[PDB]
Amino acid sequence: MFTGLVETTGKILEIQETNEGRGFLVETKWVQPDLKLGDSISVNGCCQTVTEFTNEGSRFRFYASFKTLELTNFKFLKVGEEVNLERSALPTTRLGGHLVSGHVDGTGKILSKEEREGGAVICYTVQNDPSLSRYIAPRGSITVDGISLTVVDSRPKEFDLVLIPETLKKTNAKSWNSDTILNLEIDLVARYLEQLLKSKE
């Protein structure tokens, strides 16, 4: 369970191919580093489980199945690459952010960029499998490389985003260009709503 509000980023240091997937070592500076062997982390919007930590979390390793490699943008991660981090949410009477599973529903490539109001707002357009189009509502939410964002408009086969760079500098969004590929988690809320309707007949 996550809010899709990225705490910080980390640098991929190391990658071991193995007979059942890829083995990532990552470095970062957490606020109040609490990492425990086992606890969950949304790496670019993708929940991964901690198999080791090397400095009460300052470094930590996780392991991605061949499947998580085909499901997500993880296939393309290179040593050194900056990555979005969010630990599972804590109990708090102040609930903020969105409802984020950290379960990638497929991927999307950047089609267009634009800088309206002279670099106050960045206008991305992103390709989506049309099976997802149903879950992607204008003025609705979505979680892109683990960054919770509001869809501005959606078409079949694409949708539009706008960002304040008060997100772009504090995340991996800095290095979004060309088509450089994004993990998409559609709004769970939508999935649940849809299910309540189906079950009425």
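Note that residue numbering follows the sequence shown and begins at 1.
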{"query": "Segment of higher mean CA temperature factor, 29-37 or 146-154", "finding": "146-154"}
{"query": "Stretch with the greater mean C-alpha B-factor as recorded in the entry, comparing 7-15 against 177-185", "finding": "177-185"}
{"query": "Residue selected from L168, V43, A64, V50 by maximal Cα B factor", "finding": "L168"}
{"query": "Identity of residue with top Cα B-factor, from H103, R87, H98, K113", "finding": "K113"}
{"query": "Among modelled residues of the same chain, the CA temperature factor third for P130", "finding": "middle"}
